[PDB]
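Counting convention: from 1, in listed order, for ligands and their atoms alike. Basis for what follows: all heavy atoms, side chains included, without hydrogens, waters or symmetry-related copies. In what follows, chains carry the letters A, B, and so on, assigned in the order in which the sequence lines appear, proteins first and then strands, with residues in each chain numbered from 1.
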Amino acid sequence: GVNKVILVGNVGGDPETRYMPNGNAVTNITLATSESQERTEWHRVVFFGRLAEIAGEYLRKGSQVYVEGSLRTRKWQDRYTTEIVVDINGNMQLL
Amino acid sequence: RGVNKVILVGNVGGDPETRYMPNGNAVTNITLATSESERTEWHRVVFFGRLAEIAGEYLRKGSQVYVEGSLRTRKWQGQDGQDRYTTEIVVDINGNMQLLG
Amino acid sequence: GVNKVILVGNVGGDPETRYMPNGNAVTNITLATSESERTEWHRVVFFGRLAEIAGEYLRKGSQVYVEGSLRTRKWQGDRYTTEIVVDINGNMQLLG
Amino acid sequence: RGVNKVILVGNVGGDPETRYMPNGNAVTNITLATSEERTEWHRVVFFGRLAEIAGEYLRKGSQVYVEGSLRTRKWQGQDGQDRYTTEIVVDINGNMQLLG
Ligand SMILES: O=c1c(O)c(-c2ccc(O)c(O)c2)oc2cc(O)cc(O)c12
């Protein structure tokens, strides 16, 4: 099928970049979207590949960024987290 | 102030479930599968307003459907006491639904 | 069916804000998106509340997100112009 | 520097015309109808791997999901007068899905 997320919002904190011994950077952020009384929505966005390098270097707290990715719910130690995964199939644009 | 948009095409995982609020407004919950090659991602999709009556009347298990909505993450304490979060795709007047095939 | 366009780019000139016989507000812009150098120019038309805002807050050079629908309009002077219509079914957001 | 995205769900208006460049790579053209009443007709062109698939599995009146980007091409008609044609390009950066 089709699994597509498009966000424009504000980065809630400094990007967390870690490296995989196969070299590849991964970059996690929080991104805030709000609709207007006003209510904010927080999104867990995970960058992979070169976009992770670009993200983990250009983005800061309060950055306005455009993001295009896929929804992925992952199980971990049970807790579930639905992250927006942004890889070569996705896109990002600094605003 | 920003943009919060989800577009899914996939297959309904079970018959829908429609609830009528005391006011008369319908709320229709479904699960929605999307596949990449094979990983299947299961999505929680909730319809409000006019689209909830149409989703409930027309979506059935195995229906192929297009969905446009927004991401909403609901927080709740589990019976163990611990925080939990449930991210849903909300389809309301600002979203869209089309029955496919 | 489904007819959806999402754009992020820069406003080409300044918004041209006219009104209709309704008194409805309409706001035309051109909007440039770049690909990897090559620049695509989009003709974008706002209606209703979003047209008033586009004229109020867009200037030449300002960075915008727009969401709308493709409309191929006909005119004779026999032609065709494809437009991204951004009305109550769409969205716009001032970036930068 | 920007974002240029079109998403459509509709019905192919004709039988896909498939063509082949001197590089052999596939180029297939269709129309696609979207409608609410009002019917909007779209010029969609496929390239690369997705051009090959649009040829075999799309027919007159078939429903399809397409994801691509807008491209307007300029051409002088047989008047010398400028004309424009806006298409939806669906290449390796786009997406397509047969429905049903
Ligand atoms: O009434 C509507 C409306 O307000 C909006 C909307 C959603 C998000 C925005 O950011 C915005 O500016 C407008 O979408 C719609 C989409 C529909 O299919 C039908 C509608 O009636 C609305």
Legend entry - Residue pairs, two or more places apart or on separate chains, that pass side-chain hydrogen bond (donor to acceptor under 3.5 Å, both in side chains) and touch residues 85-95 of chain A: none

Inset, instruction - Kindly say whether B:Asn4 contributes a backbone atom to a donor-acceptor pair with the side chain of B:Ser70 at under 3.5 angstrom? - result: yes

Legend entry - Pair D:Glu37-D:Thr39, side-chain donor/acceptor within less than 3.5 Å: yes

Legend entry - Of all pairs that satisfy salt bridge (charged side-chain N to carboxylate O under 4.0 Å, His left out), the ones with a partner from residues 49-66 of chain C, not counting sequence neighbours: none

Legend entry - Under 4.0 Å from ligand 1, counting heavy atoms only: the protein residues, by chain and number: B:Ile93, B:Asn94, B:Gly95, C:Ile88, C:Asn89, C:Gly90, C:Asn91

Legend entry - Side-chain (A:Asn28) to main-chain (A:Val46) donor-acceptor, under 3.5 angstrom: no

Inset, instruction - Can you run down the side-chain hydrogen bond (donor to acceptor under 3.5 Å, both in side chains) pairs that involve residues 9-26 of chain C, sequence neighbours left out, and say none if there aren't any? - result: C:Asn10-D:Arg1

